[PDB]
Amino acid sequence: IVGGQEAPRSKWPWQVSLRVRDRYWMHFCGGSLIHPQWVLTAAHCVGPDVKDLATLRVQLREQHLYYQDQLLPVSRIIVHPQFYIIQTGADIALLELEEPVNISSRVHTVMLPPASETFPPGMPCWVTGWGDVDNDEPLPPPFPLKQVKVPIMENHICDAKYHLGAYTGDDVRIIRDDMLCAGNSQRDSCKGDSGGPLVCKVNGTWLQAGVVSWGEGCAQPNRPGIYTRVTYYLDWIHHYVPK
């Protein structure tokens, strides 16, 4: 997370860390608890190929990575079928836990947004995670969970921004309707934050607007972070997660 601060222990009870087996259970992406037995994340996190589930684990909200682990094995991995190698569309996936987790004040689900929520500019949102604090700059030990408020940028304005300084044709769309834009040259998510949540407060309630997906660099000028727009995949999500 670029330009933020360490999150208080009571914030983001839905944040999860995904780990892969490599000398230790190493963090590679974030995710969010959207149902006691389901985790929402980015498809490219559990890609490219179909993964052996024995090499993957889920860690529920912990303030510091690795220290008080209570790894949870995964029962099923579901990746949106529109997703494919080298491409950013349909960057969304589901992880089914082998069993429901205990729900509490410190650990519980984040609400999915209603289909009509567009999360227009001005909406107060935050992205959280354990990723890098700047380009090629990893989060130092003890690995505290970080947060940062990021401004939303209307999709069309975002798409135009991504054309500033690029060879791409103005008439060629870079930012798609299933995406969402947030962040500036001071605040942003970054490598390691992928699959993590972007939440916005709407009339007192936290709603998950996006899933950390990609961006050109981190906190780079005219290059807001790009998230997968959750509302666009609610029907798909509801085909697996109980409402």
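Residue numbers run from 1 along the displayed sequence.
Averaged over CA atoms, B-factors in the entry run higher in 168-176 than in the other of 90-98 and 168-176. For the pair 69-77 and 100-108, the mean B factor over Cα atoms is greater in 100-108. Taking the PDB entry at face value, the top CA B factor among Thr41, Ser189, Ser185, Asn203 belongs to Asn203. When the modelled residues of the chain are ordered by C-alpha B-factor, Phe119 sits in the middle third.
Compared with the other modelled residues of the chain, the Cα B-factor recorded for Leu56 ranks in the middle third. Compared with the other modelled residues of the chain, the Cα B-factor recorded for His64 ranks in the highest third. Sorting the modelled residues of the chain by their CA temperature factor places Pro138 in the highest third. For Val241, the recorded CA B-factor ranks within the highest third of the chain. Only modelled residues enter the ranking.
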